[PDB]
file model-v3.pdb (PDB, C-alpha atoms (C1' of nucleotides) and all ligand atoms)
ATOM      1  CA  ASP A   1     -75.676 177.959  13.953  1.00  0.00           C
ATOM      2  CA  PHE A   2     -79.112 176.358  14.382  1.00  0.00           C
ATOM      3  CA  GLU A   3     -79.780 172.637  14.814  1.00  0.00           C
ATOM      4  CA  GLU A   4     -83.015 171.271  13.347  1.00  0.00           C
ATOM      5  CA  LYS A   5     -84.603 167.915  14.192  1.00  0.00           C
ATOM      6  CA  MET A   6     -88.011 166.511  13.259  1.00  0.00           C
ATOM      7  CA  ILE A   7     -90.214 165.085  16.006  1.00  0.00           C
ATOM      8  CA  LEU A   8     -92.713 163.077  13.958  1.00  0.00           C
ATOM      9  CA  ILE A   9     -94.064 162.975  10.412  1.00  0.00           C
ATOM     10  CA  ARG A  10     -97.608 161.810   9.701  1.00  0.00           C
ATOM     11  CA  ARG A  11     -99.840 161.456   6.648  1.00  0.00           C
ATOM     12  CA  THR A  12    -103.444 162.638   7.000  1.00  0.00           C
ATOM     13  CA  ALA A  13    -106.286 161.950   4.587  1.00  0.00           C
ATOM     14  CA  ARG A  14    -109.332 163.929   3.482  1.00  0.00           C
ATOM     15  CA  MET A  15    -112.173 162.265   1.595  1.00  0.00           C
ATOM     16  CA  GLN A  16    -113.135 163.516  -1.867  1.00  0.00           C
ATOM     17  CA  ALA A  17    -115.432 162.023  -4.488  1.00  0.00           C
ATOM     18  CA  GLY A  18    -113.137 159.411  -6.005  1.00  0.00           C
ATOM     19  CA  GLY A  19    -110.954 158.539  -3.038  1.00  0.00           C
ATOM     20  CA  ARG A  20    -108.804 159.817  -0.216  1.00  0.00           C
ATOM     21  CA  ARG A  21    -106.272 162.610  -0.699  1.00  0.00           C
ATOM     22  CA  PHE A  22    -103.164 162.820   1.451  1.00  0.00           C
ATOM     23  CA  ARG A  23    -101.552 165.775   3.216  1.00  0.00           C
ATOM     24  CA  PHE A  24     -98.346 165.413   5.223  1.00  0.00           C
ATOM     25  CA  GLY A  25     -97.758 167.088   8.574  1.00  0.00           C
ATOM     26  CA  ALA A  26     -94.438 167.346  10.373  1.00  0.00           C
ATOM     27  CA  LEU A  27     -93.160 168.640  13.709  1.00  0.00           C
ATOM     28  CA  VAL A  28     -89.728 170.286  13.822  1.00  0.00           C
ATOM     29  CA  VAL A  29     -87.670 171.634  16.724  1.00  0.00           C
ATOM     30  CA  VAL A  30     -84.818 174.092  16.204  1.00  0.00           C
ATOM     31  CA  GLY A  31     -82.291 175.078  18.845  1.00  0.00           C
ATOM     32  CA  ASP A  32     -78.852 176.579  19.349  1.00  0.00           C
ATOM     33  CA  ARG A  33     -78.236 174.578  22.566  1.00  0.00           C
ATOM     34  CA  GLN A  34     -77.567 177.956  24.223  1.00  0.00           C
ATOM     35  CA  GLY A  35     -81.024 178.574  25.706  1.00  0.00           C
ATOM     36  CA  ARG A  36     -83.150 179.304  22.636  1.00  0.00           C
ATOM     37  CA  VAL A  37     -85.631 176.753  21.280  1.00  0.00           C
ATOM     38  CA  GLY A  38     -88.381 176.759  18.686  1.00  0.00           C
ATOM     39  CA  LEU A  39     -91.265 174.444  17.778  1.00  0.00           C
ATOM     40  CA  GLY A  40     -93.074 174.308  14.451  1.00  0.00           C
ATOM     41  CA  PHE A  41     -95.806 172.224  12.805  1.00  0.00           C
ATOM     42  CA  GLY A  42     -95.906 172.339   9.004  1.00  0.00           C
ATOM     43  CA  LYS A  43     -98.419 170.866   6.563  1.00  0.00           C
ATOM     44  CA  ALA A  44     -97.857 170.340   2.844  1.00  0.00           C
ATOM     45  CA  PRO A  45     -98.936 167.967   0.046  1.00  0.00           C
ATOM     46  CA  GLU A  46     -95.460 166.370   0.195  1.00  0.00           C
ATOM     47  CA  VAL A  47     -93.069 165.497   3.026  1.00  0.00           C
ATOM     48  CA  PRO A  48     -89.983 167.679   2.291  1.00  0.00           C
ATOM     49  CA  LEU A  49     -92.103 170.800   1.826  1.00  0.00           C
ATOM     50  CA  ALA A  50     -93.809 170.024   5.142  1.00  0.00           C
ATOM     51  CA  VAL A  51     -90.444 169.642   6.891  1.00  0.00           C
ATOM     52  CA  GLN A  52     -89.168 172.931   5.447  1.00  0.00           C
ATOM     53  CA  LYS A  53     -92.394 174.720   6.407  1.00  0.00           C
ATOM     54  CA  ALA A  54     -92.215 173.321   9.938  1.00  0.00           C
ATOM     55  CA  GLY A  55     -88.639 174.585  10.146  1.00  0.00           C
ATOM     56  CA  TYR A  56     -89.710 178.076   9.088  1.00  0.00           C
ATOM     57  CA  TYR A  57     -92.617 178.087  11.559  1.00  0.00           C
ATOM     58  CA  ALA A  58     -90.326 176.844  14.340  1.00  0.00           C
ATOM     59  CA  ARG A  59     -87.773 179.577  13.663  1.00  0.00           C
ATOM     60  CA  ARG A  60     -90.666 182.051  13.825  1.00  0.00           C
ATOM     61  CA  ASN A  61     -91.808 180.748  17.258  1.00  0.00           C
ATOM     62  CA  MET A  62     -88.850 181.022  19.641  1.00  0.00           C
ATOM     63  CA  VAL A  63     -88.545 180.548  23.405  1.00  0.00           C
ATOM     64  CA  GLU A  64     -85.755 181.790  25.681  1.00  0.00           C
ATOM     65  CA  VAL A  65     -84.902 179.156  28.305  1.00  0.00           C
ATOM     66  CA  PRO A  66     -83.213 180.221  31.600  1.00  0.00           C
ATOM     67  CA  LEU A  67     -80.716 177.395  32.028  1.00  0.00           C
ATOM     68  CA  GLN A  68     -78.885 177.070  35.362  1.00  0.00           C
ATOM     69  CA  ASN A  69     -75.832 174.814  34.895  1.00  0.00           C
ATOM     70  CA  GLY A  70     -77.291 172.613  32.180  1.00  0.00           C
ATOM     71  CA  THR A  71     -80.565 172.121  34.066  1.00  0.00           C
ATOM     72  CA  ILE A  72     -83.852 173.882  34.844  1.00  0.00           C
ATOM     73  CA  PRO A  73     -84.236 176.447  37.675  1.00  0.00           C
ATOM     74  CA  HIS A  74     -87.433 174.978  39.150  1.00  0.00           C
ATOM     75  CA  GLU A  75     -89.846 172.098  38.604  1.00  0.00           C
ATOM     76  CA  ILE A  76     -92.835 172.755  36.335  1.00  0.00           C
ATOM     77  CA  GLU A  77     -96.120 171.022  35.547  1.00  0.00           C
ATOM     78  CA  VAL A  78     -98.128 172.032  32.470  1.00  0.00           C
ATOM     79  CA  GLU A  79    -101.468 170.782  31.143  1.00  0.00           C
ATOM     80  CA  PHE A  80    -101.960 171.303  27.409  1.00  0.00           C
ATOM     81  CA  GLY A  81    -105.355 169.840  26.585  1.00  0.00           C
ATOM     82  CA  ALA A  82    -105.403 166.380  28.126  1.00  0.00           C
ATOM     83  CA  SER A  83    -101.605 166.070  27.940  1.00  0.00           C
ATOM     84  CA  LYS A  84     -99.518 166.793  31.030  1.00  0.00           C
ATOM     85  CA  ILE A  85     -95.777 167.427  31.165  1.00  0.00           C
ATOM     86  CA  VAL A  86     -93.857 167.300  34.450  1.00  0.00           C
ATOM     87  CA  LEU A  87     -90.336 168.743  34.576  1.00  0.00           C
ATOM     88  CA  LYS A  88     -87.884 168.624  37.472  1.00  0.00           C
ATOM     89  CA  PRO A  89     -84.269 169.858  37.592  1.00  0.00           C
ATOM     90  CA  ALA A  90     -81.462 167.369  38.117  1.00  0.00           C
ATOM     91  CA  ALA A  91     -77.881 167.448  39.337  1.00  0.00           C
ATOM     92  CA  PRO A  92     -75.111 167.184  36.714  1.00  0.00           C
ATOM     93  CA  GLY A  93     -74.185 163.708  35.570  1.00  0.00           C
ATOM     94  CA  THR A  94     -77.860 162.704  35.449  1.00  0.00           C
ATOM     95  CA  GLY A  95     -78.671 163.127  31.763  1.00  0.00           C
ATOM     96  CA  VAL A  96     -81.917 164.026  30.035  1.00  0.00           C
ATOM     97  CA  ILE A  97     -84.615 161.486  30.928  1.00  0.00           C
ATOM     98  CA  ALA A  98     -87.742 162.032  28.834  1.00  0.00           C
ATOM     99  CA  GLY A  99     -89.865 160.697  26.030  1.00  0.00           C
ATOM    100  CA  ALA A 100     -88.680 161.207  22.473  1.00  0.00           C
ATOM    101  CA  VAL A 101     -90.501 164.540  21.998  1.00  0.00           C
ATOM    102  CA  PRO A 102     -89.489 166.307  25.252  1.00  0.00           C
ATOM    103  CA  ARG A 103     -85.987 164.831  25.016  1.00  0.00           C
ATOM    104  CA  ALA A 104     -85.513 166.352  21.563  1.00  0.00           C
ATOM    105  CA  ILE A 105     -86.975 169.711  22.610  1.00  0.00           C
ATOM    106  CA  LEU A 106     -84.857 169.974  25.760  1.00  0.00           C
ATOM    107  CA  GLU A 107     -81.655 168.727  24.108  1.00  0.00           C
ATOM    108  CA  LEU A 108     -81.959 171.388  21.419  1.00  0.00           C
ATOM    109  CA  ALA A 109     -82.524 173.945  24.206  1.00  0.00           C
ATOM    110  CA  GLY A 110     -79.132 173.131  25.738  1.00  0.00           C
ATOM    111  CA  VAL A 111     -80.380 171.072  28.690  1.00  0.00           C
ATOM    112  CA  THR A 112     -78.066 168.291  29.857  1.00  0.00           C
ATOM    113  CA  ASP A 113     -79.647 166.913  33.066  1.00  0.00           C
ATOM    114  CA  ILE A 114     -83.387 166.958  33.807  1.00  0.00           C
ATOM    115  CA  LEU A 115     -86.218 164.611  34.823  1.00  0.00           C
ATOM    116  CA  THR A 116     -89.560 164.546  33.009  1.00  0.00           C
ATOM    117  CA  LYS A 117     -92.812 162.610  32.959  1.00  0.00           C
ATOM    118  CA  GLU A 118     -95.611 162.582  30.381  1.00  0.00           C
ATOM    119  CA  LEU A 119     -99.074 162.097  31.880  1.00  0.00           C
ATOM    120  CA  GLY A 120    -102.605 161.730  30.579  1.00  0.00           C
ATOM    121  CA  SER A 121    -102.591 162.014  26.797  1.00  0.00           C
ATOM    122  CA  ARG A 122     -99.330 160.835  25.221  1.00  0.00           C
ATOM    123  CA  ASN A 123    -100.106 162.789  22.043  1.00  0.00           C
ATOM    124  CA  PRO A 124     -96.745 163.984  20.635  1.00  0.00           C
ATOM    125  CA  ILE A 125     -98.204 167.289  19.399  1.00  0.00           C
ATOM    126  CA  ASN A 126     -99.876 168.180  22.697  1.00  0.00           C
ATOM    127  CA  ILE A 127     -96.854 166.949  24.674  1.00  0.00           C
ATOM    128  CA  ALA A 128     -94.637 169.206  22.547  1.00  0.00           C
ATOM    129  CA  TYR A 129     -96.915 172.206  23.091  1.00  0.00           C
ATOM    130  CA  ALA A 130     -97.004 171.507  26.837  1.00  0.00           C
ATOM    131  CA  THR A 131     -93.199 171.327  26.941  1.00  0.00           C
ATOM    132  CA  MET A 132     -93.012 174.640  25.069  1.00  0.00           C
ATOM    133  CA  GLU A 133     -95.416 176.329  27.490  1.00  0.00           C
ATOM    134  CA  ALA A 134     -93.423 174.853  30.385  1.00  0.00           C
ATOM    135  CA  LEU A 135     -90.200 176.389  29.077  1.00  0.00           C
ATOM    136  CA  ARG A 136     -92.134 179.626  28.525  1.00  0.00           C
ATOM    137  CA  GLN A 137     -93.412 179.602  32.131  1.00  0.00           C
ATOM    138  CA  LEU A 138     -89.910 179.315  33.612  1.00  0.00           C
ATOM    139  CA  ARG A 139     -88.751 182.086  35.942  1.00  0.00           C
ATOM    140  CA  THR A 140     -85.295 182.882  37.291  1.00  0.00           C
ATOM    141  CA  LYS A 141     -84.652 184.147  40.806  1.00  0.00           C
ATOM    142  CA  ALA A 142     -83.785 187.472  39.173  1.00  0.00           C
ATOM    143  CA  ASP A 143     -87.203 187.544  37.492  1.00  0.00           C
ATOM    144  CA  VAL A 144     -88.909 186.629  40.774  1.00  0.00           C
ATOM    145  CA  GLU A 145     -87.268 189.444  42.736  1.00  0.00           C
ATOM    146  CA  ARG A 146     -87.907 191.742  39.762  1.00  0.00           C
ATOM    147  CA  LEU A 147     -91.649 191.104  40.004  1.00  0.00           C
ATOM    148  CA  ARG A 148     -91.635 191.789  43.770  1.00  0.00           C
ATOM    149  CA  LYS A 149     -89.822 195.147  43.736  1.00  0.00           C
ATOM    150  CA  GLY A 150     -92.792 197.410  44.476  1.00  0.00           C
TER     151      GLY A 150
ATOM    152  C1'   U B   1     -78.525 161.883  43.283  1.00  0.00           C
ATOM    153  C1'   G B   2     -84.478 160.761  41.491  1.00  0.00           C
ATOM    154  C1'   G B   3     -89.309 159.789  37.390  1.00  0.00           C
ATOM    155  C1'   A B   4     -88.403 157.927  29.041  1.00  0.00           C
ATOM    156  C1'   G B   5     -92.370 155.297  26.688  1.00  0.00           C
ATOM    157  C1'   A B   6     -94.407 152.536  22.359  1.00  0.00           C
ATOM    158  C1'   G B   7     -98.266 149.421  19.285  1.00  0.00           C
ATOM    159  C1'   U B   8    -103.513 149.058  18.815  1.00  0.00           C
ATOM    160  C1'   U B   9    -110.898 151.498  17.687  1.00  0.00           C
ATOM    161  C1'   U B  10    -110.875 156.003  12.350  1.00  0.00           C
ATOM    162  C1'   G B  11    -110.846 157.403   5.423  1.00  0.00           C
ATOM    163  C1'   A B  12    -108.224 161.073   8.675  1.00  0.00           C
ATOM    164  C1'   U B  13    -108.531 163.684  13.869  1.00  0.00           C
ATOM    165  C1'   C B  14    -108.907 164.838  19.213  1.00  0.00           C
ATOM    166  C1'   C B  15    -110.452 162.382  23.670  1.00  0.00           C
ATOM    167  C1'   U B  16    -112.009 158.398  26.743  1.00  0.00           C
ATOM    168  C1'   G B  17    -110.618 153.390  27.434  1.00  0.00           C
ATOM    169  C1'   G B  18    -108.995 148.412  27.736  1.00  0.00           C
ATOM    170  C1'   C B  19    -105.482 144.881  25.684  1.00  0.00           C
ATOM    171  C1'   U B  20    -100.260 144.211  24.511  1.00  0.00           C
ATOM    172  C1'   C B  21     -94.821 145.109  24.392  1.00  0.00           C
ATOM    173  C1'   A B  22     -89.801 147.064  25.977  1.00  0.00           C
ATOM    174  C1'   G B  23     -87.532 146.563  32.382  1.00  0.00           C
ATOM    175  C1'   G B  24     -86.256 143.989  36.845  1.00  0.00           C
ATOM    176  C1'   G B  25     -86.994 139.573  39.747  1.00  0.00           C
ATOM    177  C1'   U B  26     -87.459 133.461  40.924  1.00  0.00           C
ATOM    178  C1'   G B  27     -86.320 127.563  45.946  1.00  0.00           C
ATOM    179  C1'   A B  28     -88.181 127.577  39.140  1.00  0.00           C
ATOM    180  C1'   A B  29     -89.504 124.046  35.326  1.00  0.00           C
ATOM    181  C1'   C B  30     -89.261 122.678  29.790  1.00  0.00           C
ATOM    182  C1'   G B  31     -86.631 122.835  24.679  1.00  0.00           C
ATOM    183  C1'   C B  32     -81.905 123.115  21.959  1.00  0.00           C
ATOM    184  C1'   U B  33     -76.867 123.374  23.485  1.00  0.00           C
ATOM    185  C1'   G B  34     -73.231 122.411  26.987  1.00  0.00           C
ATOM    186  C1'   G B  35     -65.695 123.371  28.596  1.00  0.00           C
ATOM    187  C1'   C B  36     -63.233 124.666  33.843  1.00  0.00           C
ATOM    188  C1'   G B  37     -63.397 126.629  38.804  1.00  0.00           C
ATOM    189  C1'   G B  38     -65.059 129.472  43.414  1.00  0.00           C
ATOM    190  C1'   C B  39     -69.175 130.675  46.455  1.00  0.00           C
ATOM    191  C1'   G B  40     -74.275 129.850  47.248  1.00  0.00           C
ATOM    192  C1'   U B  41     -78.473 126.842  46.506  1.00  0.00           C
ATOM    193  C1'   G B  42     -81.729 122.467  45.673  1.00  0.00           C
ATOM    194  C1'   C B  43     -89.967 118.190  47.613  1.00  0.00           C
ATOM    195  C1'   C B  44     -92.918 125.088  46.356  1.00  0.00           C
ATOM    196  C1'   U B  45     -96.897 118.823  45.319  1.00  0.00           C
ATOM    197  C1'   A B  46     -99.120 113.971  49.440  1.00  0.00           C
ATOM    198  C1'   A B  47     -98.159 117.545  57.217  1.00  0.00           C
ATOM    199  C1'   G B  48     -98.887 110.907  51.695  1.00  0.00           C
ATOM    200  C1'   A B  49     -96.655 105.959  53.003  1.00  0.00           C
ATOM    201  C1'   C B  50     -91.714 104.288  54.576  1.00  0.00           C
ATOM    202  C1'   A B  51     -87.219  98.894  53.986  1.00  0.00           C
ATOM    203  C1'   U B  52     -82.340  99.715  55.994  1.00  0.00           C
ATOM    204  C1'   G B  53     -78.152 102.093  58.747  1.00  0.00           C
ATOM    205  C1'   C B  54     -76.859 106.081  61.967  1.00  0.00           C
ATOM    206  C1'   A B  55     -79.099 110.369  64.431  1.00  0.00           C
ATOM    207  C1'   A B  56     -78.720 110.594  73.048  1.00  0.00           C
ATOM    208  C1'   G B  57     -76.097 109.769  76.069  1.00  0.00           C
ATOM    209  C1'   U B  58     -72.548 109.995  79.906  1.00  0.00           C
ATOM    210  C1'   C B  59     -70.368 109.270  84.944  1.00  0.00           C
ATOM    211  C1'   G B  60     -66.220 102.998  88.608  1.00  0.00           C
ATOM    212  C1'   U B  61     -64.001 110.222  91.820  1.00  0.00           C
ATOM    213  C1'   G B  62     -72.180 108.046  94.075  1.00  0.00           C
ATOM    214  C1'   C B  63     -73.368 102.172  95.290  1.00  0.00           C
ATOM    215  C1'   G B  64     -73.686  96.779  95.526  1.00  0.00           C
ATOM    216  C1'   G B  65     -73.382  92.793  92.251  1.00  0.00           C
ATOM    217  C1'   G B  66     -73.458  88.676  88.007  1.00  0.00           C
ATOM    218  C1'   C B  67     -70.311  86.131  84.187  1.00  0.00           C
ATOM    219  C1'   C B  68     -65.339  84.965  82.332  1.00  0.00           C
ATOM    220  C1'   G B  69     -59.979  85.070  83.808  1.00  0.00           C
ATOM    221  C1'   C B  70     -55.443  85.896  86.576  1.00  0.00           C
ATOM    222  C1'   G B  71     -52.443  86.738  91.042  1.00  0.00           C
ATOM    223  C1'   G B  72     -51.500  86.528  96.464  1.00  0.00           C
ATOM    224  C1'   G B  73     -53.336  84.670 101.342  1.00  0.00           C
ATOM    225  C1'   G B  74     -55.942  81.341 106.038  1.00  0.00           C
ATOM    226  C1'   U B  75     -54.784  74.985 105.359  1.00  0.00           C
ATOM    227  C1'   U B  76     -49.973  69.513 105.500  1.00  0.00           C
TER     228        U B  76
HETATM  229  K     K A 201    -105.032 174.184  31.487  1.00  0.00           K
HETATM  230  K     K A 202    -102.617 156.379  14.640  1.00  0.00           K
HETATM  231 MG    MG A 203     -87.190 183.759  30.222  1.00  0.00          MG
HETATM  232 MG    MG A 204    -108.007 167.341  31.307  1.00  0.00          MG
HETATM  233 MG    MG A 205    -105.094 157.491  28.863  1.00  0.00          MG
HETATM  234 MG    MG A 206     -78.923 168.316  47.940  1.00  0.00          MG
HETATM  235 MG    MG A 207     -82.991 167.805  46.453  1.00  0.00          MG
HETATM  236 MG    MG A 208    -102.972 153.338  25.160  1.00  0.00          MG
HETATM  237 MG    MG A 209    -115.845 153.652  16.079  1.00  0.00          MG
HETATM  238 MG    MG A 210    -108.281 150.672   9.705  1.00  0.00          MG
HETATM  239 MG    MG A 211    -116.207 159.422  10.337  1.00  0.00          MG
HETATM  240 MG    MG A 212     -90.843 140.022  32.210  1.00  0.00          MG
HETATM  241 MG    MG A 213     -88.635 138.914  32.272  1.00  0.00          MG
HETATM  242 MG    MG A 214     -77.920 116.938  27.140  1.00  0.00          MG
HETATM  243 MG    MG A 215     -70.549 123.412  44.362  1.00  0.00          MG
HETATM  244 MG    MG A 216     -75.146 121.044  49.615  1.00  0.00          MG
HETATM  245 MG    MG A 217     -93.838 120.049  52.486  1.00  0.00          MG
HETATM  246 MG    MG A 218     -93.229 129.857  47.152  1.00  0.00          MG
HETATM  247 MG    MG A 219     -68.467 113.239  91.480  1.00  0.00          MG
HETATM  248 MG    MG A 220     -57.160  81.720  93.297  1.00  0.00          MG
HETATM  249 MG    MG A 221     -49.727  77.225 110.979  1.00  0.00          MG
END

call {"tool": "encode", "arguments": {"input": "model-v3.pdb", "output": "structure tokens", "more": "lines below"}}
Ligand SMILES: [K+]
Ligand SMILES: [K+]
Ligand SMILES: [Mg+2]
Ligand SMILES: [Mg+2]
Ligand SMILES: [Mg+2]
Ligand SMILES: [Mg+2]
Ligand SMILES: [Mg+2]
Ligand SMILES: [Mg+2]
Ligand SMILES: [Mg+2]
Ligand SMILES: [Mg+2]
Ligand SMILES: [Mg+2]
Ligand SMILES: [Mg+2]
Ligand SMILES: [Mg+2]
Ligand SMILES: [Mg+2]
Ligand SMILES: [Mg+2]
Ligand SMILES: [Mg+2]
Ligand SMILES: [Mg+2]
Ligand SMILES: [Mg+2]
Ligand SMILES: [Mg+2]
Ligand SMILES: [Mg+2]
Ligand SMILES: [Mg+2]
result
Amino acid sequence: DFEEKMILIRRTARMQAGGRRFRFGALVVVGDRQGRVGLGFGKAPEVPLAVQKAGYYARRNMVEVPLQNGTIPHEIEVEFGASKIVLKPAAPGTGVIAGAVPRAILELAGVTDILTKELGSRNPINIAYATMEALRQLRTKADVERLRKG
RNA sequence: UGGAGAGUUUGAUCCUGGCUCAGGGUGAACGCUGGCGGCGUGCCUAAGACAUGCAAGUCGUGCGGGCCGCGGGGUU
């Protein structure tokens, strides 16, 4: 019912008298490929607990994506921190062209053809957050005319 | 009908930032290897120096001759 894929897994270290102590962080995307996505970042002393926690957090943070024939309705450009994500809809038969992080996010969202570009900071976390805010800032023509009723 | 990034400064992080890699290209060269054909292509350097052969001539329907030869005339 819900597909779950990890973006990256990293091991961080804090200094304590005696040595360094490790804490694992993991990004996880979850999607039904129908228009709903979710991003989560979990931290835990071990890796599997971090992956499970990231899955829970991702299921708790969902985003409804207005797909229009496997693609996006309009091009977007989002700055998260120093990271920039540029999205642009594509005709069918194009395929998803993106870095690993935005490719995973968009594929789990149900996108089939789109063009992207990562700019500035290539940080996977910030790129993921920028992609999420881009999908959150998407508007359909119905939404546009709904906002301009008056 | 068109756009992917990654490695690397830190104990760990975010940023800035350079270096590097994955791609495509060549009148190429070098190493190892090397079976056939078609179509292309082949002094990027000394516009340095060149043996040798060929590469620009053709018209007797413009004109008069020379040399070699033959035939027929004026003459016993
Ligand atoms: K901003
Ligand atoms: K790192
Ligand atoms: Mg929406
Ligand atoms: Mg900025
Ligand atoms: Mg940069
Ligand atoms: Mg069109
Ligand atoms: Mg167009
Ligand atoms: Mg860099
Ligand atoms: Mg330093
Ligand atoms: Mg180090
Ligand atoms: Mg320090
Ligand atoms: Mg190359
Ligand atoms: Mg090459
Ligand atoms: Mg040989
Ligand atoms: Mg040949
Ligand atoms: Mg030839
Ligand atoms: Mg030359
Ligand atoms: Mg040249
Ligand atoms: Mg004439
Ligand atoms: Mg005679
Ligand atoms: Mg007589």

call {"tool": "interface_residues", "arguments": {"input": "model-v3.pdb", "of": "chain A", "to": "chain B", "cutoff": "12 Å", "atoms": "only C-alpha atoms (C1' of nucleotides)", "output": "ChimeraX atom specification"}}
result
/A:10-24,81-83,85-104,113-126

call {"tool": "residues_near_ligand", "arguments": {"input": "model-v3.pdb", "ligand": "ligand MG 213 (chain A)", "cutoff": "8 Å", "atoms": "only C-alpha atoms (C1' of nucleotides) and all ligand atoms", "output": "VMD selection string"}}
result
chain B and resid 23 to 25

call {"tool": "residues_near_ligand", "arguments": {"input": "model-v3.pdb", "ligand": "ligand MG 218 (chain A)", "cutoff": "10 Å", "atoms": "only C-alpha atoms (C1' of nucleotides) and all ligand atoms", "output": "number ranges by chain"}}
result
B: 26-28, 44

call {"tool": "closest_residue", "arguments": {"input": "model-v3.pdb", "among": "A:147, A:127, A:72, A:109", "to": "residue 34 in chain A", "atoms": "all atoms listed in the file"}}
result
A:109

call {"tool": "residues_near_ligand", "arguments": {"input": "model-v3.pdb", "ligand": "ligand MG 220 (chain A)", "cutoff": "10 Å", "atoms": "all atoms listed in the file", "output": "ChimeraX atom specification"}}
result
/B:70-73

call {"tool": "atom_distance", "arguments": {"input": "model-v3.pdb", "atom1": "CA of residue 105 in chain A", "atom2": "atom MG of ligand MG 206 (chain A)"}}
result
26.6 Å

call {"tool": "residues_near_ligand", "arguments": {"input": "model-v3.pdb", "ligand": "ligand MG 203 (chain A)", "cutoff": "9 Å", "atoms": "all atoms listed in the file", "output": "PyMOL selection string"}}
result
chain A and resi 63-66+135-140+143

call {"tool": "atom_distance", "arguments": {"input": "model-v3.pdb", "atom1": "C1' of residue 19 in chain B", "atom2": "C1' of residue 7 in chain B"}}
result
10.7 Å

call {"tool": "atom_distance", "arguments": {"input": "model-v3.pdb", "atom1": "CA of residue 78 in chain A", "atom2": "CA of residue 133 in chain A"}}
result
7.1 Å

call {"tool": "residues_near_point", "arguments": {"input": "model-v3.pdb", "point": "(-86.1, 182.1, 11.2)", "cutoff": "12 Å", "atoms": "all atoms listed in the file", "output": "PyMOL selection string"}}
result
chain A and resi 1-4+29-31+37-40+52-62

call {"tool": "resolve_selection", "arguments": {"input": "model-v3.pdb", "expression": "the PyMOL selection byres (((not hetatm)) within 10 of (chain A and resi 214))", "output": "PyMOL selection string"}}
result
chain B and resi 32-34

call {"tool": "build_atoms", "arguments": {"input": "model-v3.pdb", "residues": "range 19-30 of chain A", "atoms": "N, CA, C and O atoms", "output": "mmCIF file, in the coordinates of the input"}}
result
data_model
loop_
_atom_site.group_PDB
_atom_site.id
_atom_site.type_symbol
_atom_site.label_atom_id
_atom_site.label_comp_id
_atom_site.auth_asym_id
_atom_site.auth_seq_id
_atom_site.Cartn_x
_atom_site.Cartn_y
_atom_site.Cartn_z
ATOM 1 N N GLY A 19 -111.835 159.222 -3.961
ATOM 2 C CA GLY A 19 -110.954 158.539 -3.038
ATOM 3 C C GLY A 19 -110.461 159.478 -1.955
ATOM 4 O O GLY A 19 -110.976 160.586 -1.777
ATOM 5 N N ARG A 20 -109.452 159.006 -1.233
ATOM 6 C CA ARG A 20 -108.804 159.817 -0.216
ATOM 7 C C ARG A 20 -107.630 160.574 -0.820
ATOM 8 O O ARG A 20 -106.992 160.117 -1.773
ATOM 9 N N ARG A 21 -107.360 161.750 -0.261
ATOM 10 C CA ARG A 21 -106.272 162.610 -0.699
ATOM 11 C C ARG A 21 -105.407 162.937 0.508
ATOM 12 O O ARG A 21 -105.927 163.282 1.575
ATOM 13 N N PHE A 22 -104.095 162.828 0.335
ATOM 14 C CA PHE A 22 -103.164 162.820 1.451
ATOM 15 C C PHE A 22 -102.467 164.165 1.602
ATOM 16 O O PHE A 22 -102.150 164.835 0.616
ATOM 17 N N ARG A 23 -102.235 164.544 2.855
ATOM 18 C CA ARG A 23 -101.552 165.775 3.216
ATOM 19 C C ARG A 23 -100.628 165.452 4.379
ATOM 20 O O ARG A 23 -101.065 164.875 5.376
ATOM 21 N N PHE A 24 -99.354 165.798 4.246
ATOM 22 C CA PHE A 24 -98.346 165.413 5.223
ATOM 23 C C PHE A 24 -98.105 166.532 6.228
ATOM 24 O O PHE A 24 -97.940 167.698 5.849
ATOM 25 N N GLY A 25 -98.078 166.163 7.507
ATOM 26 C CA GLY A 25 -97.758 167.088 8.574
ATOM 27 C C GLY A 25 -96.488 166.650 9.279
ATOM 28 O O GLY A 25 -96.192 165.457 9.372
ATOM 29 N N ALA A 26 -95.729 167.629 9.764
ATOM 30 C CA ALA A 26 -94.438 167.346 10.373
ATOM 31 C C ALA A 26 -94.159 168.340 11.489
ATOM 32 O O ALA A 26 -94.397 169.542 11.337
ATOM 33 N N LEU A 27 -93.653 167.825 12.608
ATOM 34 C CA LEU A 27 -93.160 168.640 13.709
ATOM 35 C C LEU A 27 -91.649 168.791 13.590
ATOM 36 O O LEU A 27 -90.950 167.848 13.209
ATOM 37 N N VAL A 28 -91.151 169.979 13.921
ATOM 38 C CA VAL A 28 -89.728 170.286 13.822
ATOM 39 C C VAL A 28 -89.342 171.178 14.994
ATOM 40 O O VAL A 28 -90.011 172.180 15.269
ATOM 41 N N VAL A 29 -88.268 170.810 15.686
ATOM 42 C CA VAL A 29 -87.670 171.634 16.724
ATOM 43 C C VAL A 29 -86.368 172.196 16.177
ATOM 44 O O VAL A 29 -85.662 171.540 15.400
ATOM 45 N N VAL A 30 -86.065 173.429 16.566
ATOM 46 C CA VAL A 30 -84.818 174.092 16.204
ATOM 47 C C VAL A 30 -84.235 174.725 17.459
ATOM 48 O O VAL A 30 -84.961 175.329 18.256
#
